[PDB]
Each structure stands twice: as C-alpha cells, then as structure tokens.
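See below for the structure under consideration.
Here is the naming used below: chain letters follow the sequence lines, and residue numbers restart at 1 for every chain.
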Amino acid sequence: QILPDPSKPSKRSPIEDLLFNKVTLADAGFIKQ
Amino acid sequence: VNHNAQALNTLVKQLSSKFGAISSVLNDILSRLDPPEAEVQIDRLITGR
Amino acid sequence: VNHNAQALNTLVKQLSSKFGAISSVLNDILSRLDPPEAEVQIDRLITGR
Amino acid sequence: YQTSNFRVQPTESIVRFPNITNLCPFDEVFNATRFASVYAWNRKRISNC
Amino acid sequence: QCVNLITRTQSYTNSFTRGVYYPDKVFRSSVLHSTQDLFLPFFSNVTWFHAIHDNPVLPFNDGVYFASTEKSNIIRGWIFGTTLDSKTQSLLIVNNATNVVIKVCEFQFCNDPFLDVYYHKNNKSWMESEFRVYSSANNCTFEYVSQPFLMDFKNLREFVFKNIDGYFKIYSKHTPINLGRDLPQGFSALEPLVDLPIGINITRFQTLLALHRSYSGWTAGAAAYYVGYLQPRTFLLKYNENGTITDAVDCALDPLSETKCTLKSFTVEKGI
Amino acid sequence: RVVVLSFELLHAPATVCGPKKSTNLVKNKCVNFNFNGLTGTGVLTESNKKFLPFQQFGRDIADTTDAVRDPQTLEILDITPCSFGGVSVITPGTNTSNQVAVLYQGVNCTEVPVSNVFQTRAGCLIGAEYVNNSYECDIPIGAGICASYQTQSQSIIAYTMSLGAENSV
Amino acid sequence: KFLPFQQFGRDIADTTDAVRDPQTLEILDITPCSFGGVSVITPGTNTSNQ
Ligand SMILES: *[C@@H]1O[C@H](CO)[C@@H](O)[C@H](O)[C@H]1NC(C)=O
Ligand SMILES: *[C@@H]1O[C@H](CO)[C@@H](O)[C@H](O)[C@H]1NC(C)=O
Ligand SMILES: *[C@@H]1O[C@H](CO)[C@@H](O)[C@H](O)[C@H]1NC(C)=O
Ligand SMILES: *[C@@H]1O[C@H](CO)[C@@H](O)[C@H](O)[C@H]1NC(C)=O
Ligand SMILES: *[C@@H]1O[C@H](CO)[C@@H](O)[C@H](O)[C@H]1NC(C)=O
Ligand SMILES: *[C@@H]1O[C@H](CO)[C@@H](O)[C@H](O)[C@H]1NC(C)=O
C-alpha cells in the first residue's frame, strides 16, 4: 500500500494515488496557459 | 490552497474599485477628461492599486 | 494582555484624527459643507480609517 | 536572474457591428410624387432608424 | 360603447419562487452569481384577480410581475402610464393573434378599456375594433410591431415589466404545466424578449379583454390573472453549463438563505 | 422644392443616427477588438460555447470577458489575452563566460520574437542545448530542468536533473 | 459625582459616558445602544434546513 505501484504510469503508491485524487489542485497550470 | 486562491481573487477584484476616483477603467478617465484633470484620477488609481 | 490593549487603544484613538480633512466628526462634514466637497472630505476620512 | 517582462503587442484593430439593415431612408421624402404647399407644408416624424 | 367590467373577485396567493429572469445578456456557465436587482421576492403576496362581465386601476411600483393561465387569448394587452387623461404619453400593447402592436402616444382611454370582436360581413369579418379602448390618438413618438407575445395543457404565461432610464423592458416565459396548481413549485427563468426606448414615465397600468359579441351582445367570459410587485433584492443565481438560470436563493428570505449567500454556495456544511 | 431637417436631442433615448460600419475579423492573432462597444485586446478563436439566443457576452468567474458573439455572423469567439511573460537570463559567472541563455517564462516557443530553442514547462528556453543526460542540478530552471556550463568547446546545456546515484541494498 | 462646574464625562479613550442634565442637574450615564455579530448555526443542508 505504500510502495510504488509499477502497473500505473506514475510510480506512486496506492495511498499516494488516493492522496493526489483527494486534493483538488487549482493553480497548477504551467506548460499551457 | 484556498487561502492563496482567495488572496489572488481579492487582488483581482480590487482592480475594478475606483478608490474614490471618477471611474475605475483608465481609458474612460483618459478620454473623458483633459490630461491635467485626468492626471489626478489616474494618480489616485495608481496609489490605490 | 498589554500589547493587545495598546493596539485597541491606538485603533480607537485613530478615530479622532483628521487625516487631512477639515474635521473628524462625519456629522460636521455633512452639516457644515456641501456634497461636492463634503463627499470628498468624507472619502478622505474613509481612506484614512 | 529575472531581468524583464515581455508582451505580445496587438498588431491591428478590428471593429464589428451588426448588419446595417433597418433604415427608413429619405427616398420617401425626396422622391415624392407631389410635395405640399407652404401654408400646408408637409411634416414627418423620423424615429427608431 | 363604454360598458363597464364592474368586477374584481380579488384574492391573495403565495408567489413561491416564480418571477426570476435574466438580469443581463451575459453568458455564464456552471457559476453562482450574486445580482442586486429588482426582483419579485420569494413567498410574497400576489393578488389573484378574476374578471367577469369597478376598479381596474393598478399602480406600477418599480415594476410588475404578471401571470395568466387562460387557455385562449382572453388576455390581449396592457395600458401603461402616469396619468391617462390624454395629456402625456401612454404606452399601449395589443395582441391580434398574428402580431403585437406597441404605441406610446396619449389616448382618451374610456374608464373601462377593453376590446370587442363582433363578427362582421364588412370586409369578411373579425376586425377586433378599438373605438372606445382609447377613442383618440395624437403626438405618437414611438410605435412598434413584432411577432405576438401571447403564443399558443395549462400554458402558464409569465411577464415581467419594468421601466429604467427611459427603457421599458419586458421579460417573459411560457411554461406548460399539468397539475395546474396555480403557480407550480419549481424553477423557470424569464428571457428578455423586448426592450423599448420609450422614455416616458409609467406609474399605473391596466389589462385588456376580448369580449366577443353574441350575434351590445358582449358574451360573458372569465379571465384569471395574478399580479405581483418587484422590489430591490439580492439574489444568488445558479447558471448551469448551458448558461441557464437553474436555481436561485433570495438572500433576505431567512437566516439559512443569508448563510447561502455569504458562503456563495447552495450547500452548507455543519458549522457556525 | 425645399426640405428642412430638424434634429431633436431631447433627454429621451436616442434612436436615429448614422451607420457604425464594421471591419473585416482576424482570428488567431493578437488584435485590438471592439464588438458592439465591448472593447479589448487579445486573440480571437473559434469556440464551441453555446450561448443562449439573447446572450451576447461570456464572463469568467472573476468577471472578465471570455467570449463574444459576432454581431454579424452569429458565432461565439473565445478571447484569450495576449502572451505576456517574464524574461530571465541564465548565466555562468562572468568570471567564467559572457555567454547566456534566456528563459521566456510560461510562453510557447512559437510566439517568441519580441538558436537552440527548447520548450520546457517553465517556458521557452533559448540559447541552451538540451541533452539526454542527468547531472546534479546547477542552475534551477523550472519543472525538473536545470542548466549548466558544459564541455562536450564550452556551451550552456539544459538537462533533467538527477536525484542521486541509484543503489540497491 | 460631578463637580458643580462640570458638564461632560469622559472615558480613558476620550468618549463621553455621562452628562449632567441642564434642567434637573442630574447625572445620566450614556451607554451605546446595542450591537453585535449575528451567526447562523446549522447542521449541513445535507442533514436539515433547520
Ligand atoms: C504552441 O503552439 C502550437 C500552435 O501555435 C500548439 O500546437 C502547441 O500545442 C503549443 N504548445 C504549447 C506548449 O502551448
Ligand atoms: C429616387 O431617389 C434617388 C435617390 O438616390 C434618385 O437618384 C432618383 O432620381 C429618384 N427617382 C425618382 C423617380 O424620384
Ligand atoms: C391585427 O390583426 C388583424 C387580423 O389578425 C389584422 O387585420 C390587423 O391589420 C392587425 N393589426 C395590425 C396593427 O397589424
Ligand atoms: C444543456 O444542459 C442539459 C442538462 O441540464 C444537457 O443535457 C444538454 O446537453 C445541455 N445542452 C447542450 C447543447 O449540450
Ligand atoms: C448579415 O449579413 C450577411 C450578408 O453577407 C448575412 O450572411 C448574415 O446572415 C447577416 N446576419 C445578420 C445577423 O443579420
Ligand atoms: C428648572 O426649571 C424647573 C421647572 O421646569 C424647576 O423645577 C427647576 O428647579 C429649575 N432648575 C434650575 C437649575 O433652574
């Protein structure tokens, strides 16, 4: 649950995937604006 | 995240506040008035912003 | 405690200062003057406060 | 080191307004089959055109 | 000619959440917008008139909400103006089932303004005359013609009239309803169908009626219509993805509504 | 024959006056536009927004105009602001070299003109040559990218930084 | 207890809080009328409208 998940594209853990889904990012527009 | 977003929104919405001047949009201040008397309004907008 | 009390007292004392206006009592600016000047004086008080 | 800012400047101006359609012309007042005598001089109101 | 409609059959009813319109011509998507404008407050007192064949005098009071549910076109038009004694301009709106006619010049307006139909053989028939609706007309600064307002179940017709800065604005909606429980519970915003640069002062108004003749016959009918008044209030409107007002909050209705306007959201979490 | 025109400018709303004309609509180009007295500047683009038939503008959550309806062709045009940004200069010390690179922060490399042009997520990087290597960060550029002064003649290179030497215990 | 020549009464922050009545020569405290914030206590609208 805490080690990186290789199946997914970004090598995040299941808990880190949940964390990134659960926080709704707002000012992250960098490359295309 | 929210605190910064609302600080930015306060900053943006404060652009459209005349700060006592005859209007907030600079173009109207410039066209309506001559340069000397519109200078006062522009300076007030500048100090407020 | 003392710092909080000092800050509040300074805030209250700032009300009885003219801030360049010809009076510090809004009723006086209203009664003794006319809109095209009382309005500006009141706005200067508002900016100061 | 952040030395400056750049802007893309607007190349040209465009102005667009709705189709020029509803005109009551003056052909009805100049191409009249017969005018009116002075003591009974004809008069027309022209509005919303 | 001037045979009067001596009838009011006045009643009173709840407005629910009816007279919401679009306050400007700006598209907005998936947004909550706070607008301070002249609205018909929620759950206000709307007068419910029944007219059968007096005092058709009504004020304007910053604007009017009008509604009707009549299946046919017994309701035709409206008379607007400050004083109606042919001194100053008086707006008049009339439907003839194929277009709508708006005039502005002063009219006599015999004290029971109504139209009559009275089948003819003159041209063919059915000219729906006007002779004693207002008798005379002169000094007509404005005039206007369009596709008729009163188009086409139950078919509720809602209109909002207001008068700002020389502009007479008319919003409306045509909502077909089934239960027919007078003003239904739900939401439906009124789109701005007309703006007229008329520049006159409106303070009183009245409606207009059809009254076919039998064969003065003037066969009796019944027309039921509601009138509410608008005053300045702050509303929180909810534009969906397409730009439609799908919901609204009246910020001075109750404490929860003031909270909703403060949080600028339609859902409030537990707290103080 | 005599005709006299008499003009009333009474305080009622004005309704008779001259044509306003229209000039043509330049899309995909930062123009200075005016649609029915709604003025502004920016790049006009075709849009799939669906206004309601009475709606003429589009507004943003911050109350700025995002779209217009063309008053002649009933078409919705998105408006984006022109392409401002910041300009940073990347330098090894002048004790080392007088050669520099320039970063145009947060803009596309296509619209650069106000030699080794690279598109980072921090902006358009000019004068640095991107390499498929990884070193410890020397000069922080932006989203994972650093710059350094390299040998193989000396030049300014841009790379994705290395977090460290990999190790399997 | 005003001294027989005194008319006003002032606080530390130089605000009047007493007045001598010019007719009955009585001293009246002055208190600001009343005011304060208004807070709305709600469960979620997910739970009730009360
Ligand atoms: C740069 O612009 C081109 C076309 O102007 C576009 O296809 C490309 O996606 C843009 N790149 C970025 C990073 O904005
Ligand atoms: C009609 O009016 C036009 C105006 O352009 C004029 O040139 C023409 O001579 C007129 N013809 C007649 C028959 O009045
Ligand atoms: C109103 O309608 C009738 C028949 O529907 C028509 O004869 C009459 O000319 C119309 N009036 C106006 C002013 O268009
Ligand atoms: C309008 O909104 C509805 C949902 O309320 C949606 O189904 C419909 O697709 C929208 N209109 C368009 C043109 O997509
Ligand atoms: C404006 O005129 C053009 C003529 O080229 C026509 O194609 C277009 O439909 C018209 N649009 C409106 C809104 O009148
Ligand atoms: C003022 O007049 C009242 C009568 O109205 C009297 O009773 C009182 O003693 C007087 N006081 C002074 C100080 O004059």
Side-chain angles (χ1 to χ4, degrees), chain B residues 7-49, chain C residues 19-22 26 29-30 33-49, chain D residues 4-17, chain E residues 23-26 33-37 164-167, chain F residues 9 11 13-14 17-18 20-23 30-44 56-68 71 79-85:
Chain B
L8 285 181
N9 272 15
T10 300
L11 193 63
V12 175
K13 83 173 165 58
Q14 275 273 306
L15 267 184
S16 86
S17 300
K18 308 175 175 64
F19 308 133
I22 58 168
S23 172
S24 81
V25 181
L26 199 82
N27 293 327
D28 303 338
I29 305 308
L30 276 173
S31 73
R32 276 193 183 182
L33 267 295
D34 55 353
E37 292 169 355
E39 170 269 350
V40 183
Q41 319 287 313
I42 287 190
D43 189 53
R44 294 179 74 200
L45 271 191
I46 277 177
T47 191
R49 284 157 188 211
Chain C
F19 293 94
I22 71 163
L26 283 188
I29 297 89
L30 286 171
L33 277 296
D34 46 358
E37 188 66 24
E39 182 268 344
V40 177
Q41 295 265 319
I42 281 182
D43 185 70
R44 276 165 92 266
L45 274 184
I46 292 171
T47 291
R49 271 150 191 203
Chain D
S4 60
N5 287 283
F6 66 97
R7 313 202 41 160
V8 169
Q9 280 297 285
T11 69
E12 80 258 8
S13 170
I14 65 166
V15 169
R16 280 180 80 76
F17 281 98
Chain E
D24 54 6
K25 293 176 179 177
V26 175
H33 188 233
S34 165
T35 81
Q36 188 274 331
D37 201 22
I164 300 96
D165 294 326
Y167 274 95
Chain F
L9 73 164
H11 316 117
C17 47
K20 297 296 289 183
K21 305 310 290 180
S22 79
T23 67
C30 166
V31 296
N32 217 11
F33 64 95
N34 167 21
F35 287 77
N36 275 7
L38 182 63
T39 61
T41 179
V43 193
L44 313 168
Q56 305 289 119
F57 305 143
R59 211 69 79 83
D60 166 15
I61 193 66
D63 291 331
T64 191
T65 314
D66 291 331
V68 285
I79 308 166
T80 43
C82 306
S83 186
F84 84 104

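We find the CG-CG distance between F:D66 and F:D60 to be 4.5 Å, quoted to the nearest 0.5 Å. Annotation: the span from F:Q56 atom CD to E:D24 atom CG amounts to 11.5 Å, rounded to 0.5 Å. Rounded to the nearest 0.5 Å, atoms CD (B:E39) and CG (B:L30) are 11.0 Å apart. Taken to the nearest 0.5 Å, the OG1 atom of F:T65 stands 5.0 Å off from the CG atom of F:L38. Note that the CD1 atom of F:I61 and the NE2 atom of E:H33 stand 8.5 Å from one another [nearest 0.5 Å]. Distance OG1/C:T47 to CZ/B:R44: 7.0 Å, rounded to 0.5 Å.
More than 12 heavy-atom neighbours from other residues, nucleotides or ligands sit within 6.0 angstrom of CZ on C:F19. Counting heavy atoms of neighbouring residues, nucleotides and ligands inside a 6.0 Å radius, atom CG of E:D165 does not exceed 12 of them.
The residues B:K18 and C:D43 are annotated as not salt-bridged, no charged nitrogen and carboxylate oxygen being separated by less than 4.0 angstrom.
Using a 4.5 Å cut-off on side-chain heavy atoms (C-beta onward), D:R16 and F:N36 make no contact. By the 4.5 Å heavy-atom criterion applied to side chains, B:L33 and B:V40 are not counted as neighbours. For the pair F:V43 and F:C30, the minimum side-chain heavy-atom distance is below 4.5 Å. F:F35 places a side-chain heavy atom less than 4.5 Å from the side chain of F:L44.
When all heavy atoms are compared, the tightest approach of F:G42 to F:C82 is CA-SG, 3.5 Å. The heavy-atom pair separating E:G166 from F:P13 by the smallest distance is O-CG, 3.6 Å. The minimum heavy-atom distance between F:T41 and F:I79, with the atom names listed, is O-CG2, 4.4 Å. Scanning both residues, B:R49 and B:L15, for their nearest heavy atoms gives NH2-O, 2.9 Å. Annotation for F:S83 and D:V8: closest pair CB-CG2, 3.7 Å, computed over non-hydrogen atoms. Taking every heavy atom of both residues into account, B:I29 and B:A38 meet most closely at O-CB, 3.3 Å.
Without hydrogens or angle criteria, F:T23 side chain to D:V15 main chain gives a donor-acceptor distance under 3.5 Å.
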Go through B:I22 and B:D28 one step at a time and tell me if the side chain to side chain contact (heavy atoms under 4.5 Å, CB included) criterion holds. CA-CA 9 Å; B:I22 58 168; B:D28 303 338; over 6 Å; no
